[PDB]
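Q: Protein chains in written order, with this note's numbering: chain A, 1 to 407; chain B, 1001 to 1411.
Ideal Cβ positions, reconstructed from N, Cα and C, are used throughout, including at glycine.
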Amino acid sequence: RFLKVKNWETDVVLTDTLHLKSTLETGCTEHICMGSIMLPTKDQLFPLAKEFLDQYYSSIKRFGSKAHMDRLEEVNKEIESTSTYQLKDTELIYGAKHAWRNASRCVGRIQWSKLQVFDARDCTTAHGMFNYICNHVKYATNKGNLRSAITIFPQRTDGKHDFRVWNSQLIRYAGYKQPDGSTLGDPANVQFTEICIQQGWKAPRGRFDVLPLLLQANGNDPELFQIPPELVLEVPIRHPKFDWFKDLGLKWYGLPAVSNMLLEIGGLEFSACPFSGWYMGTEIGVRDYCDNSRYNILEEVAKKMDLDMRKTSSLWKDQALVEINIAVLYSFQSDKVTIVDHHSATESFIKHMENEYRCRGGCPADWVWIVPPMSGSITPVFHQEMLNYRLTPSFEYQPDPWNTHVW
Amino acid sequence: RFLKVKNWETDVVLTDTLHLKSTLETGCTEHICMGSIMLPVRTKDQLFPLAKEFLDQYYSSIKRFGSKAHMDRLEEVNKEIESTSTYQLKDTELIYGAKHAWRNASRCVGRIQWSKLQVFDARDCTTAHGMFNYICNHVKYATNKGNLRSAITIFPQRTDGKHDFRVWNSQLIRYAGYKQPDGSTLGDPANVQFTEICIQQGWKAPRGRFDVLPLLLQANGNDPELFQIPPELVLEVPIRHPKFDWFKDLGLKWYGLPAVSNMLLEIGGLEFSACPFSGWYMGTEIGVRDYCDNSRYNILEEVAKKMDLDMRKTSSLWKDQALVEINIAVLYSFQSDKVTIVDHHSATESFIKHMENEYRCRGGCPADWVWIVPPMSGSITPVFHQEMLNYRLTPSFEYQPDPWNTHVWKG
Ligand code: HEM
Ligand code: HEM
Ligand SMILES: CNCc1ccc(-c2cncc(CCc3cc(C)cc(N)n3)c2)cc1
Ligand SMILES: CNCc1ccc(-c2cncc(CCc3cc(C)cc(N)n3)c2)cc1
Ligand SMILES: C[C@H](O)[C@H](O)[C@H]1CNc2nc(N)[nH]c(=O)c2N1
Ligand SMILES: C[C@H](O)[C@H](O)[C@H]1CNc2nc(N)[nH]c(=O)c2N1
Ligand SMILES: [Zn+2]
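#1: Where do the ends of the beta strand (DSSP E) carrying A/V322 lie?
#2: Which class does A/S377 belong to by DSSP, given the choice of helix, strand or coil?
#3: Output needed in chain order: residues of the stretch 1090-1105 of chain B with a Cβ under 9 angstroms from some Cβ in chain A.
#4: Taking a cut of 9 angstroms between CB atoms, which residues from the stretch 328-339 of chain A lie near chain B?
#5: Quick one: using the 10 Å Cβ neighbour count with 16 as the cut-off for buried, is A/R164 buried or exposed?
#6: Can the beta-carbon of A/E264 be found closer than 8 angstroms to that of A/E396?
#7: Consider the C-beta atom of B/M1376 and the heavy atoms of ligand 5; say whether any pair is separated by less than 7 angstroms.
#8: Report the residues of the stretch 1316-1328 of chain B with a CB closer than 8 angstroms to any CB of chain A, ordered along the chain.
#9: What's the C-alpha gap between B/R1209 and A/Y139?
#10: Between which two residues does the alpha helix (DSSP H) harbouring A/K202 extend?
#11: Report yes if the C-beta of A/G277 is less than 7 angstroms from at least one heavy atom of ligand 3; otherwise report no.
#12: Would you tell me roughly how many angstroms separate the C-alpha atoms of B/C1136 and B/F1227, rounded to the nearest one?
#13: Using a Cβ-Cβ cut-off of 7 angstroms (strictly less than) and excluding sequence neighbours within five positions of A/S22, which residues of its own chain qualify?
#14: Report yes if the C-beta of A/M34 is less than 7 angstroms from at least one heavy atom of ligand 7; otherwise report no.
#15: With hydrogens ignored, establish whether the beta-carbon of A/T26 is closer than 7 angstroms to any heavy atom of ligand 7.
#16: Please decide whether A/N292 counts as near chain B, where near means a Cβ-Cβ distance under 8 angstroms.
#17: Could you check whether the Cβ of B/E1271 sits closer than 7 angstroms to any heavy atom belonging to ligand 2?
#18: Considering only heavy atoms of ligand 1, does any lie closer than 7 angstroms to the CB of A/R358?
#19: With DSSP as the reference, please indicate the residues paired to B/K1006 in a beta bridge.
#20: Hey, could you find the ends of the beta strand (DSSP E) A/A49 is sitting in?
#21: For A/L146 and A/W278, which I take to be in contact (beta-carbon distance under 8 angstroms), what is that distance rounded to the nearest angstrom?
#22: Beta-carbon within less than 6 angstroms of B/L1252's beta-carbon, same chain only, minus the 5 sequence neighbours each way: which residues are those?
#23: To which residues of the same chain is A/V328 closer than 7 angstroms at the C-beta, ignoring the five residues directly before and after it?
#24: Mind listing the chain A neighbours of B/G1035? Cutoff is C-beta to C-beta under 8 angstroms, in chain order.
#25: Could you tell me which residues DSSP pairs with A/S344 in its beta bridges?
#26: Decide yes or no for the touch test of the stretch 181-198 of chain A against the stretch 370-382 of chain A: beta carbon pairs closer than 8 angstroms, at least 3 of them.
#27: In the stretch 1161-1231 of chain B, which residue ranges form an unbroken beta strand (DSSP E) of at least 3 residues, counting only runs that do not cross its ends?
#28: Any heavy atom of ligand 1 inside 7 angstroms of the beta-carbon of A/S148?
#29: Would DSSP call B/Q1400 helix, strand or coil?
#30: Can you look up B/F1247 in the DSSP assignment and give me helix, strand or coil?
#31: Please state if the CB of A/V117 and the CB of A/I150 are separated by a distance shorter than 8 angstroms.
#32: When the Cα of A/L211 is compared with those of A/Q198, A/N189 and A/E230, which residue comes out closest?
#33: Quick one: Cα of B/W1371 to Cα of B/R1107, how far?
#34: Which same chain residues end up closer than 7 angstroms to A/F332 when comparing Cβ atoms and leaving out the 5 residues on each side of it in sequence?
#35: Mind pulling the chain B residues with CB within less than 7 angstroms of A/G376?
As structure tokens, then:
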């Protein structure tokens, strides 16, 4: 019941007591571990609200106080009456920051308390959504000095009036299936790109076309908007030693901004809550550029390096992988756009874990996602035991809109 | 119940039914996952059903389930348990059990080879000297002059837990570690404590950076005894780099034969506390973990120095760059000396084929993603994108406590 986690590189042992406050389920049982699986009413609402308000008032050292009991009272009344309730600005900011704090798959959580929360609950139309999102993008980008931010749109009511951003990320590149049979641009976005076209987009059918926003307000049919190009900061990718690297024509966007998740706070559901931080290098260089189901450029780069691609045991893939990731970091740094390498980011996370164990009694963590997709065991997180569990407030996955939307 | 796993690179979906045959616990609950945790005297009472379950599995596999031979054997084992409080496996059952323990090892990426295992029955062994002989023969057989062959040697099963056979070495072949007065370490830092035990037991340490440790062998619950493996039986490989001529001057070598000797083999409820087994290396075990872990030989610095990489900013990825060259050298060196080794690309590709095969013919393949994905270049290998279910089947290999913590010394 009081669990220990060991670091096998440093022999340091931490005791987790925070997991006892876990509410949601893991997918695992005593018979089977699903640790590597990607996706494993009035009555219900009040205890959820209560649990949240309890931890909120605890956090501001006013547990069991007049203000605490009064607020509990007021929300209890509002639920009984309106079948839902509205968060105070203070509770919203707290809940959003803690949703990030609780994101067990996020390596960047040392920054959790420095989140800019944009309250967009007064939004009523897709054009308003577009305005709010442009402002978010401009604020977060900050001319390359990236700042964490989240924009929170109205909460779900009867499920028939959902606000949704249909894009998976605010900024991503289009994908087109070729008559050649191959794929132009980002293969991961072919389906979404078609929906844009099926909704009326005018695709420039290029390799790095920034997708339009598909925004859905109040359960209405979604609408298309183009983000002002001058708000999308991009970085041309070059290598500090290989001059030929630029001729690959590679670039990527500066702002990683997830827009398809659901923010749960005190039982309330925010179906549209785009949030953003800044990249860890490997997200671009390892996953985006080198996955076989993505831009898959390993072979092209290896060839330019004149490596022996006869035998896998020459580790040509590995050698090119490193150089690509060198170039990404180099390119971002040179253009003064915030980025963190996997060594720095994972070192930060260990320090954050130790902070969380000390001041909170634990830190939920998903090793499968926290360990970088290259060079894993030379980062300190590899040797760090982690316990994974689900605390609320939380970011949750939700069904893709097109599979749900009643047109 | 049915369980699906998805490969996110290929969209291949597989259905697991084998997990229904799972008995042991995982450590996880509905409220916590312990998937990244390293480590999460038996009465006749609990022994009959474990024996029965195993023999049902055995006779099913040979297509003789429910036969008179099956029924006679159950009867025979039953009587033997209630008479003697234990029982003995037939040779056929032992071989089956050992192969299936490997087949079931959810942390092992090399399992495509599970059916080709050489099983050495040492259940007639009675002394440490006899253990030494059996282990020498295993090492010679497995090594096969560099053409490695998988093998396992099985010493007598536990009885009352007061007469255990144990190999005190974690692996049959390993280098000594010496903690210096100034706090530095000579040799392999992982083996400092075991080295000290050996020294206390009378081992004369050469005190070099690559001294092969003596065997410390315990038979029938007696105090362990020291034995030196004949050097001519210990195949080693000098590490050099195909393009970097200064790499040889680092003075590195490694042994060819990975042989785990501290685990417990469970078969039909019986416990084999000494069951050394060996295969061949995947490159990264040596080049990533053995050489580059901060808690091991830790040579990233010197290699990066000699490469003249920019070492002031970690964002130069000088650590990653050095790591790759070292792993190139390890593979190159083994291949050049014709000692069996497999790169992490080949090994993970084979495991996926194995896994898919197992789903089709067996209804599953328990696998621990945390261990299966290699310690470098994870997502450019096919296993990274593969969803896996982890559960525990028997026969199995299990961890057991270090013997120096539990042994009652005779004197
Ligand atoms: C500011 C610097 C940040 C860094 C360096 C960072 C880093 C990462 C990385 C590398 C991942 C793995 C995701 C993948 O590989 O696809 C991740 C996941 C995640 N991050 Fe963070 N992140 C940052 C900011 C944030 C912020 C501001 C939030 C929320 C307010 C957040 C919430 C999450 C969540 C919920 C996941 C899981 C995503 C999923 O399941 O798809 N992150 N992060
Ligand atoms: C024949 C080629 C083999 C290869 C390439 C291979 C590969 C590996 C690797 C890379 C690991 C992880 C090692 C680590 O990082 O500590 C491992 C673990 C393991 N292997 Fe295999 N192995 C092979 C043979 C065998 C054999 C013959 C057996 C048993 C008969 C076996 C049983 C296991 C077990 C039980 C583990 C888990 C170790 C632990 O929990 O500490 N393997 N294997
Ligand atoms: C085959 N899979 C392709 C694919 C899968 C998942 C994703 C993805 C989708 N949504 C979110 C992410 C998380 C990335 C992220 C988010 C944030 C806030 C910061 C950061 N550094 N990185 C990743 C992209 C592409
Ligand atoms: C971190 N302390 C050093 C260390 C600790 C444990 C191990 C280790 C422990 N148990 C099992 C292993 C398996 C290694 C292996 C075994 C076999 C049969 C084949 C193979 N290729 N590799 C390795 C190695 C090194
Ligand atoms: C804490 C964590 O589970 C530990 O470092 C694991 C990670 N994955 C591993 N994978 C392999 N093959 N071998 C290991 O020793 C480890 N160590
Ligand atoms: C199947 C496996 O869980 C899947 O490939 C995971 C592994 N680890 C990951 N880790 C991160 N950070 N992001 C991912 O998308 C994944 N994918
Ligand atoms: Zn689990």
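A: In short:
#1: It is not in any beta strand (DSSP E) - A/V322 instead sits in the alpha helix (DSSP H) that spans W316 to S334.
#2: Helix.
#3: Under the 9 angstroms Cβ criterion, the stretch 1090-1105 of chain B contributes no residue.
#4: Closer than 9 angstroms at the C-beta level to chain B, one finds these residues of the stretch 328-339 of chain A: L329, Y330, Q333 and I339.
#5: Looking at its Cβ environment, which holds 16 or more other Cβ atoms inside 10 Å, A/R164 is buried.
#6: Inclusion of A/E264 and A/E396 in the CB contact set at 8 angstroms is warranted, their separation being smaller than that value.
#7: In this structure, the C-beta of B/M1376 stays at least 7 angstroms away from each heavy atom of ligand 5.
#8: Of all residues in the stretch 1316-1328 of chain B, only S1316, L1317, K1319, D1320, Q1321, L1323, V1324, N1327 and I1328 come within less than 8 angstroms of chain A when Cβ atoms are compared, listed by chain position.
#9: So the two alpha carbons sit approximately 56 angstroms from each other.
#10: For A/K202, there is no enclosing alpha helix (DSSP H), since its DSSP letter is neither H nor E.
#11: Yes.
#12: Going from the Cα of B/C1136 to the Cα of B/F1227 covers about 10 angstroms.
#13: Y389, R390 and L391.
#14: With a threshold of 7 angstroms, the Cβ atom of A/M34 counts as near ligand 7, since some heavy atom of the ligand is closer than that.
#15: At least one heavy atom of ligand 7 is nearer than 7 angstroms to the Cβ of A/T26, so yes.
#16: Contacts with chain B at 8 angstroms (Cβ-Cβ) include A/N292.
#17: No, since every heavy atom of ligand 2 falls outside the 7 angstroms radius drawn around the Cβ of B/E1271.
#18: Not one heavy atom of ligand 1 falls within 7 angstroms of the beta-carbon of A/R358.
#19: The partner list for B/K1006 (beta bridge, DSSP) reads B/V1013.
#20: For A/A49, there is no enclosing beta strand (DSSP E); the enclosing alpha helix (DSSP H) has its first and last residue at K42 to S59.
#21: Contact annotation, A/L146 with A/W278: C-beta distance approximately 4 angstroms; criterion of less than 8 angstroms satisfied.
#22: Hits under 6 angstroms: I1239.
#23: Around A/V328: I237, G281, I284 and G285.
#24: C28, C33, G35, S36, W367, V368 and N388, listed in chain order.
#25: By DSSP's assignment, A/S344 forms no beta bridge with any residue.
#26: With a cut-off of 8 angstroms, the stretch 370-382 of chain A and the stretch 181-198 of chain A do not count as touching, because too few Cβ pairs lie within range.
#27: As far as the stretch 1161-1231 of chain B is concerned, its whole beta strand (DSSP E) runs of at least 3 residues are 1177-1179, 1185-1187, 1215-1218 and 1225-1227.
#28: Result yes, Cβ under 7 angstroms from ligand 1.
#29: Secondary structure of B/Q1400 (DSSP, three-state): coil.
#30: It is helical.
#31: Yes, the pair counts as a contact, with Cβ atoms nearer than the cut-off.
#32: Ranking the options by Cα distance to A/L211, first place goes to A/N189.
#33: Using only the alpha carbons, I get a separation of about 5 angstroms.
#34: For A/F332, same chain residues with a beta-carbon under 7 angstroms away, outside a window of 5 residues either side, are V235 and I339 in chain order.
#35: One finds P1375, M1376 and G1378 in chain B with Cβ atoms closer than 7 angstroms to the Cβ of A/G376, taken in chain order.
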